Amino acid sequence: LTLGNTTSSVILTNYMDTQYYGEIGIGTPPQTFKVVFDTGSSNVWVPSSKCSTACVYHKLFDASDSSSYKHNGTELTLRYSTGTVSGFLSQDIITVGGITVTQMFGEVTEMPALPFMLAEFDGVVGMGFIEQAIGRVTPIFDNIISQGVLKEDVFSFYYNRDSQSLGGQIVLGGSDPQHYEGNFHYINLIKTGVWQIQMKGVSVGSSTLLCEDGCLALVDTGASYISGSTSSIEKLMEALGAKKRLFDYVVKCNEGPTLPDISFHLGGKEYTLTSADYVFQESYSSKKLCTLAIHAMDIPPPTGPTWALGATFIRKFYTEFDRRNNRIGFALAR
């Protein structure tokens, strides 16, 4: 007997405003892993004990220590913006904030030192739809929905700004009103299968200089930043006075607080980020260079070309992902 009144939460760790990770347990007895909960992907994967470069710094799943494990072994390859992992399929019981689910997941045996040596998390829990799942593997949230335990078929994200403070939180089955102010404003997904909405414009202060004839916005919990196409970012950075370095865009630290507001027109409203929301203000010196929490990412079709609203956006706006209604809700984070 499963009664739909459950609302479970996973505490997240904030690593330098770029990586937000929580704990999941795999197997019997449970083997714990630090995972990023990512709306931009649909597969679950952790490093395998069968891993032969980045594997050395992470926790590895040993199937031989789990009584609940069921072999499969189908080969699997997962491509991310940052890097590609490879392994095989395994099935086991996954515990996520109290909820226990029988899940098919990836046992990663090929984890390159770049970029995975830089990951503070062990694996990824893809919070996207089956349409985007590799090997057509049933996503974890789809499996939790099938159990009929959740209060509502929704999950929400809270990302805090980096004492003994909470780095973030995921709520499965609801939203935590302690982490948002006012009410949610919802935007319907263009289509089911992808956590993507229509964007009606991007404004720099006064003038709406980009996305004038509309564009797409992927609401990506796994993305550290706000990203646009190379073309869109080059124009945006020019309007900000930012300069291209090797991996990032920079401004003189003293100019940082003088930077204009960036607005994203989504559904009925404008979602504004002030300079304090997008500049890593590590100094105020005129002789130092400060990094922006904005970059270029060319997302390939069918999903891209698209903007991605990552942790930079989510820190400002507490986000709710509604599977029942196929919509996303935003509320000012508290």
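Each form is matched to the other, and the largest set of C-alpha atoms that superpose within 1.5 Å is called the rigid core. Residues carry their position along the shown sequence, with the first being 1.
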- Query: With the rigid core as the fit anchor, does 126 to 134 or 81 to 89 show bigger C-alpha shifts in 9 other deposited structures of this protein?
  - Reply: 81 to 89
- Stretch with larger C-alpha RMS deviation in 9 other deposited structures of this protein, core superposed, 100 to 108 versus 241 to 249: 241 to 249
- Item | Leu3 dropped from a third or more of the other entries of this protein | yes
- Query: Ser165: absent from a third or more of the other PDB entries compared?
  - Reply: yes
- Query: Per the entry, how many residues of the deposited chain go unmodelled between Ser52 and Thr53: none, 1 to 3, 4 to 9, or 10 or more?
  - Reply: 1 to 3
- Query: Which class fits the unmodelled deposited stretch between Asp162 and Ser163: none, 1 to 3, 4 to 9, or 10 or more?
  - Reply: 1 to 3
- Item | Segment of higher mean CA temperature factor, 165 to 173 or 206 to 214 | 206 to 214
- Comparing 276 to 284 with 290 to 298, the higher average Cα temperature factor in the PDB entry belongs to 290 to 298
- Query: Whose CA atom has the top B-factor in the entry, of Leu89, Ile93, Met237, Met127?
  - Reply: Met237
- Query: Among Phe116, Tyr249, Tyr158, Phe105, which carries the highest Cα B-factor?
  - Reply: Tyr249
- Task: Could you say whether, by C-alpha temperature factor, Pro47 belongs to the lowest, middle or highest third of its chain?
- Result: lowest
- Item | Position of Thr32 among the chain's modelled residues by C-alpha B-factor, lowest, middle or highest third | lowest
- Message: Lowest, middle or highest third: which one holds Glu152 when the chain's residues are ordered by CA B-factor from the entry?
- Response: middle
- Message: Please say which third, lowest, middle or highest, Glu181 falls into when its CA temperature factor is compared across its chain.
- Response: highest
- Third of the chain's Cα B-factor distribution that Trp307 belongs to, per the entry: middle
